[PDB]
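Read the structure below first, then the notes.
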Amino acid sequence: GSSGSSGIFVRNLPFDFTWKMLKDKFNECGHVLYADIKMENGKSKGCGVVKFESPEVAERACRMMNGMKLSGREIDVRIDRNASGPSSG
């Protein structure tokens with residue numbers, strides 16, 4: 001670890017969708033390291049991120065996941081560059 005992992009991003013997620021799901025659900029593609037549901041004004045906005053062990057798996061999930069209707073709700077899973085990093089040189 002500590003090489004250059006990459007985290008993706010998702011939008012249009014169903015309320016029910018709990019952090020646990022984001023991880024497990026994605027666990028199918030590969031090993032999920034991080035999984036949280038970004039909240040706004042105290043209310044969720046069907047949005048979150050997911051990190052993997054390898055870079056290929058990160059973008060891979062964006063191809064498999066992206067396009068999956070969760071209970072009749074389509075989501076857009078894409079690669080999220082420069083996701084973290086408060087101090088960039």
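Each chain in the structure tokens gets a letter, A, B and so on, in the order shown; residues start at 1 in every chain, and ligands are counted from 1 in the order they appear.
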
Just the residues within 12 Å of residue 75 of chain A, please, counting only C-alpha atoms, with nothing from its chain fewer than 5 positions along; format it as an MDAnalysis selection string.
chainID A and resid 9:14 17 46:48 62:70

DSSP-assigned alpha helix (DSSP H) members of chain A, reported as a compact mmCIF listing (two decimals) with C-alpha atoms, in the first residue's frame:
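Listed below is the output, result_14.txt:
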```
# COMPACT_ATOMS: atom_id res chain seq x y z
CA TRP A 19 -22.52 2.56 3.68
CA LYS A 20 -22.43 -1.20 4.23
CA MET A 21 -24.00 -1.81 0.82
CA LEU A 22 -21.67 0.57 -1.03
CA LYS A 23 -18.84 -1.63 0.26
CA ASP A 24 -20.29 -5.13 0.01
CA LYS A 25 -22.19 -4.43 -3.21
CA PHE A 26 -18.91 -3.23 -4.72
CA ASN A 27 -17.00 -6.00 -2.94
CA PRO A 55 -5.94 0.93 -9.80
CA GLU A 56 -7.38 -1.46 -12.38
CA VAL A 57 -10.13 -2.51 -9.97
CA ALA A 58 -11.06 1.11 -9.31
CA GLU A 59 -11.86 1.83 -12.96
CA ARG A 60 -13.13 -1.72 -13.45
CA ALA A 61 -16.01 -1.17 -11.02
CA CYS A 62 -16.92 1.97 -12.97
CA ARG A 63 -17.60 -0.29 -15.96
CA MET A 64 -19.49 -3.03 -14.13
```

Neighbours of residue 3 of chain A within 10 Å (only C-alpha atoms; same-chain residues fewer than 2 positions away dropped), as a ChimeraX atom specification?
/A:1,5-6,53-54

Work out how far atom CA of residue 88 of chain A is from atom CA of residue 31 of chain A, in Å to one decimal.
26.9 Å
